[PDB]
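Shown next as structure tokens: one chain only, the form deposited in one PDB entry.
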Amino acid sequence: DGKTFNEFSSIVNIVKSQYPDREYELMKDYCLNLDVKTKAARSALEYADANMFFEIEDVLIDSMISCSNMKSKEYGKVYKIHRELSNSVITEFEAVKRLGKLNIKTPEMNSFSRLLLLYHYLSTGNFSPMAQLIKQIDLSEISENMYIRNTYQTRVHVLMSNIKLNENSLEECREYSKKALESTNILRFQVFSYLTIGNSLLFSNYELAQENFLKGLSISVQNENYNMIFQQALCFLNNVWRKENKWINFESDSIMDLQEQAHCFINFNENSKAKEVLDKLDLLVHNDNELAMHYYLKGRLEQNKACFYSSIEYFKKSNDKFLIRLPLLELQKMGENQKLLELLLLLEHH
């Protein structure tokens, strides 16, 4: 009793093997009984955060911040900052400021302070500073906690894959997602790895794209949020290839769902229904990448080169080098000059 394995993966690996249907129930009861001054408790923290077991995470945090082991206290403090940042309790500026005031000592939290900043960049769609930031992480400095060493490596593979996607560097994108999948048994990371591989194939391989989305759908059947994410991914895939789309949510007023309605109606020369849908979208407040997609759809319904120029403008603003291929193709179909196209490819927004 109170005896811990030297590496947290042992109890996790057992739980996933022998009792996979009770993983939460078993792990919450185990992690909430750890002495929080211990390496198992510090490992349990990262276990809870990777799976978004917020209920387990919050309790570890509050216990660790108040304990006398400075390592646990520091882990608690910066995971606290990540939860309060990922949920808009605090801004980006005061998180960076709070992180600086910690003078972080451990290599683990030096890595995670950067990961939580990268997650906030992924959240907001702000891809430009992500390359620099993710190059500063050096996980080889983590020598004492191999569980955290390994889980963080999965986190970096998944983020690198997402970065490579937006850079339209798709072979690398798929390499990083495959390294992610080989390295993990955490549902969240498998899910986003299958979603990224499939998205990376959106413009090249319909059947392989679909196959990855369905595999991801298979492992998250009873998670309403992941399930919907894969359905939306499949819906977009079928609109890109201009096929019959049985994934469209017609009972939704989210931007993504309505745009897919319009994209399908446009694909099938249902122009009046399509304008009705874009009528609906004009009364909703769009952000940057949503606007990019909005002008692409308007450019196609009106067959108007101007609206595609607007689409390119907003894709460049968000440093989306992947999805920008959609308006660039339609401009070409309208006979736009080759040199112009290359120029639009080469120039960057900054």
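In this text, residue numbers run from 1 along the sequence as written. Basically, rigid core = biggest C-alpha set you can superpose within 1.5 Å across the two forms.
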request  = Decide which of the stretches 197-205 and 170-178 has the higher mean C-alpha B-factor, going by the entry.
outcome  = 170-178
request  = Select between 89-97 and 188-196 the stretch whose C-alpha atoms have the higher average B-factor in the entry.
outcome  = 89-97
message = Among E244, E141, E74, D279, where is the Cα B factor highest in this entry?
response = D279
query = From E313, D35, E46, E302, can you pick the one with the highest C-alpha B factor in the entry?
reply = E302
inquiry  = Based on the deposited C-alpha B factors for this chain, I'd like to know if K80 is in the lowest, middle or highest third.
reply    = middle
inquiry  = What third of the chain does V15 rank in for C-alpha temperature factor, lowest, middle or highest?
reply    = highest
query = Is the Cα B-factor recorded for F250 in the lowest, middle or highest third of its chain?
reply = middle
key: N126 - which third its CA temperature factor falls in, relative to the rest of the chain   = highest
ask   = Among the chain's modelled residues, which third holds the C-alpha B-factor of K164?
value = middle
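As for the form deposited with a partner chain bound, it is not shown, yet the points below apply to it.
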task = State yes or no: in the entry with it bound, is some non-hydrogen atom of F192 no more than 4.5 angstroms from a non-hydrogen atom of its partner chain?
result = yes
message = Whether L122 contacts its partner chain in the entry with it bound should be assessed with a 4.5 Å heavy atom distance threshold; does it?
response = yes
task = Mark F53 yes when one of its heavy atoms lies within 4.5 Å of a heavy atom of its partner chain in the entry with it bound, and no otherwise.
result = no
query = Looking at the partner-bound form in the entry with it bound, is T196 within 4.5 Å of its partner chain by any heavy atom?
reply = yes
remark   = The listed residue (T151, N245, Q259, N145) that reaches within 4.5 Å of its partner chain in the entry with it bound by any heavy atom is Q259
task = Answer with one of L85, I266, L202, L278: the residue that has a non-hydrogen atom within 4.5 Å of its partner chain in the entry with it bound.
result = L202
query = in the entry with it bound, do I229, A233 and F236 all reach within 4.5 Å of its partner chain through at least one heavy atom apiece?
reply = yes
task = Please determine, with the chain shown alone, which of 72-80, 152-160, 214-222, 266-274 has non-hydrogen atoms within 4.5 Å of its partner chain in the entry with it bound.
result = 152-160
key: Of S72, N212, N245, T151, the one whose Cα moves 2 Å or more between this form and the one not shown after core superposition   = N245
message = Superposing on the rigid core, is the Cα displacement of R188 between this form and the one not shown 2 Å or more?
response = no
request  = Indicate whether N162 shows a C-alpha shift of 2 Å or more between this form and the one not shown, with the rigid core used for the fit.
outcome  = no
query = Superposing on the rigid core, do we see a C-alpha displacement of 2 Å or more at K39 between this form and the one not shown?
reply = no
